[PDB]
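Contents: one structure, followed by commentary.
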Ligand SMILES: Nc1ncnc2c1ncn2[C@@H]1O[C@H](COP(=O)(O)OP(=O)(O)OC[C@H]2O[C@H](O)[C@H](O)[C@@H]2O)[C@@H](O)[C@H]1O
Ligand SMILES: [Ca+2]
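Chains as they are written, first to last, in the numbering used here: chain A, 1 to 322; chain B, 323 to 369; chain C, 370 to 1108.
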């Protein structure tokens, strides 16, 4: 070791001093002093070449580093951990697959053997929002109504729903609602909601649909405006369009009508509805009136309307029909 | 373990499927309706 | 986190794992823990757990808040607390012996809400408020993540689960817990088929062993409806397998519930994933973040990660910062503002460095003083006050290898440019702090030396592969000046760093020999050089190949395969001939000085004495030229730091003292001058002796001087006491009383 260092320091000193030893360095230092860097140890490279040089150095470093990773992957102190992890995965997967491992098939075969002999001898989710325990804006908790107890077709014995109408015959179809009376509903019967068709051809009107929809409910996303009108006719819906929001040329189709789910459904009172959807994108009689509620816009998307199954089916009808 | 696994996977239903198909059919048709020889004698050199 | 687990019999293994996990999720984030306040059961269990942690940290940081909500009428000694005056410290009497209804507070909590409905006999009324509180501090701001954990339970657990999950604050259920938790863990399939009163009655007979005769039909049907309403929301609930040694504790459960909540959420993809990751770094779960949020569909930008990865670098998270730099964090964009680097050196953890740095403090520009002191001071200073090339990788690797985070430091180096320079500079600063470590720390110091050895092996590996690739480019690479890392070069920095296994590489020895022969060839032997040193025109006659002729023959050959006064002066400017010629002149100096020390030594100086005077003026002139080419007093301080030049300074000052005493007239100072000149002669001969064996280093010479003066002093001391006591015993035998 020390021979190389002695050689280095020896090379370091005598490279600097000139020729002509002290008998003539008294001359040589005098004429150098009266006369007036070094490019061997420390040299300044030009920037034209340092870029290529550093890039080649980095590629060489990359090569060395890949070689060391690969030959670090060869030693037995790594192969032991690799086989350990692989045998662990193999035993876990073998226990999982043997847990996945014919009696039913045998029974079926037996039935086939028999039934054949005999022949030879011869020849859904309910309305879950109605089941929600806290009836809205009321001090009344409903009864716990399970999923097997949904329809009226089967009988659960201690089933005593407390009747509660708001002091302002029928059975609830499709689900036991746990409370009797009209409640917040007006009549003791199927109150009908109606819904005017609000749509327009959206931007890029090839397979699109926009609709002027209202966000005045301080709730989830935009639904089209409407109202529970007088049931049974369509001119009353035209008057409801004139009232809550003349026109001659129109029609009404895609009428989803019937039992709609609510957190207000009772034993004898429930809500039903009739929602239609149908429609250049102008609709000049519809752009004539300016709608006032401030939260109301032109919903150009059909992303399931962010509301209950009525609005999701309404968005599905406009996504399928156009 | 590897030798026994190759041997057991070599021991690993088509016939059963065919039988099931026959049962499905035959049933439909019904519904529509209503040893060693004498080897010493074969020995090549007659005595 | 709210824990809403009176009679539960968990076995000790799960209780220990849950205690340690809930503490390790308490100490991490600075997070609130909400519990019912009664000292029965699991609320007192988490009270004792947080008491054990808050003794374990010594109240130095955090003081984890346990706000509790408890019903007014169910508490024991409230009339000791019912004063209309306020701010008074009241005392509570726990006594462990309350009535069968009225249980007492757990005093290991810290905050108390007591809810008062006037029922005074029932536990149930209080909860309808409590989950509402959760929504409020979920509505406070991005939103705060909210999660409840659930253990053994009863009827109260089921009601608080139901009144939580109807408010979108999701919940985790621990497996193996007993009463209600194993019930919800058993219902993991058949959303329509399993919800029957018969199967729930079978399960509640299977688990609720002792209390099963307390059931009535109204309560079992309210239970069955509640669990059907709970299980119908499968994207907020998660059953959670037991805390095992196969990389699963409560941190994984809290993360997966946060993500199965935020996946199917309405608007979580715009802003919730930020605080998701910022929490995910704090627990060091690399695989969960790697498999959950760094998926192919996210398509982020690289500048937005720059907060989060910073924390992963401020607390020594190596695998996670590899995951970040693989996923898209770029170190060039990272270090744009210098305030980030100032923050990095602010948050530097405890080591030997910052302990040595705050002394110089009592500012990134402040760091360079401790750097250039820890490094050799012959370099330039770096890290200037205002953007001295910026070079982010050098800064990051410098920070890393100072703070000694080893597996972080490899990541610091693999991203750096200018590889061999930085590798050897890391080796130099490591060996410098290894030597300068005075407070013992022997494991720390041997880790320092092992790290320096590692980087020296890395540098010689890279350079060995470069030298096997090309030859002359590697010789271009060694003598390069570096724009980065100040003003040093590789060969100088390894020479000063004394990296003993690098300078003894084949290529660097070939370059050293190729300088040491100079303009002559590198292949001829040295005895022909001595014979050329004998006769002056024999250089015209000798074989004596040159660099110019050799290369020309070599250059011409490659092409074919592919398809008077200046010459003697160029001989004269070799270093080898200069060395031999100088040492022969030095031998002649010894000969004439030894001649006129003895013989031609009259009162006035003689002829050859004047020749000795002019050779010593020649030596001091050569020395002042050496000082003139290699502030000014700083240059003198760097000059005297050698071993040969201190000997030449001592020699010339002793010669000029002996000479100025040789001007005198008295015979005593004449003899004193002869004495000084003779001891100066042997100092010169000792310098010629040390022209071969010794080196220019002073450090280990000082240490060897101390440790051998110690041993010589000690053996001389015991020799002295043996000498003195034997002599005085011999005097006490062989003389009488008088002396
Ligand atoms: N706040 C209470 N403090 C003290 N004891 C209580 C409390 N609540 C109930 N008990 C006693 O629990 C025993 C029944 O055992 P089990 O059914 O397995 O526990 P649970 O389901 O009733 O817990 C419900 C509470 O836990 C959560 O923190 C909720 O917030 C509730 O406040 C009875 O004897 C009660 O005296
Ligand atoms: Ca010198």
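Quick reminder that beta carbons are idealized off the backbone N, C-alpha and C, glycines included.
In the DSSP assignment, the alpha helix (DSSP H) including residue i goes from what residue to what residue?
| i | result |
| --- | --- |
| residue 293 of chain A | Note, residue 293 of chain A: premise wrong, no alpha helix (DSSP H); not H, not E. |
| residue 414 of chain C | 411–425 |
| residue 1163 of chain C | The requested residue 1163 of chain C does not occur in the structure, where chain C is confined to residues 370 to 1108. |
| residue 713 of chain C | 707–715 |
| residue 1027 of chain C | 1013–1029 |
| residue 830 of chain C | 811–838 |
| residue 780 of chain C | 775–783 |
Does DSSP put residue i in a helix, a strand or coil?
| i | result |
| --- | --- |
| residue 797 of chain C | helix |
| residue 437 of chain C | strand |
| residue 621 of chain C | helix |
| residue 651 of chain C | coil |
| residue 540 of chain C | strand |
| residue 613 of chain C | strand |
| residue 274 of chain A | strand |
| residue 727 of chain C | helix |
| residue 508 of chain C | helix |
| residue 736 of chain C | helix |
| residue 1040 of chain C | helix |
| residue 448 of chain C | helix |
| residue 933 of chain C | coil |
| residue 931 of chain C | helix |
| residue 331 of chain B | helix |
| residue 844 of chain C | helix |
| residue 948 of chain C | helix |
| residue 247 of chain A | coil |
Output yes if chain A places a C-beta closer than 8 Å to the C-beta of residue i; else output no.
| i | result |
| --- | --- |
| residue 759 of chain C | no |
| residue 586 of chain C | yes |
| residue 742 of chain C | no |
| residue 999 of chain C | yes |
Determine the extent of the beta strand (DSSP E) in which residue i is found, giving its start and end residues.
| i | result |
| --- | --- |
| residue 191 of chain A | 191–195 |
| residue 869 of chain C | Per DSSP, residue 869 of chain C belongs to no beta strand (DSSP E) and is neither H nor E. |
| residue 402 of chain C | 402–405 |
| residue 522 of chain C | Unbroken run through residue 522 of chain C: none, as it is neither H nor E. |
For a cutoff of 8 Å on Cβ pairs, would you count residue i as touching chain C?
| i | result |
| --- | --- |
| residue 25 of chain A | yes |
| residue 29 of chain A | yes |
| residue 17 of chain A | yes |
| residue 145 of chain A | yes |
| residue 335 of chain A | Because chain A is modelled from 1 through 322, residue 335 of chain A falls outside the range shown and cannot be assessed. |
| residue 79 of chain A | no |
| residue 129 of chain A | no |
| residue 187 of chain A | no |
| residue 4 of chain A | yes |
| residue 11 of chain A | yes |
| residue 211 of chain A | no |
| residue 64 of chain A | yes |
| residue 158 of chain A | yes |
| residue 228 of chain A | no |
| residue 14 of chain A | yes |
What does DSSP give as the partner residue(s) for residue i in the beta ladder?
| i | result |
| --- | --- |
| residue 484 of chain C | C/440 |
| residue 223 of chain A | A/214 |
| residue 517 of chain C | C/371, C/540 |
| residue 257 of chain A | A/274 |
| residue 200 of chain A | A/210 |
| residue 134 of chain A | A/141 |
| residue 850 of chain C | C/858 |
| residue 981 of chain C | Residue 981 of chain C pairs with nothing; no bridge assigned. |
Please confirm whether residue i has its beta-carbon closer than 8 Å to some beta-carbon of chain E.
| i | result |
| --- | --- |
| residue 295 of chain A | This model lacks chain E altogether; the protein chains it does include are A, B and C. |
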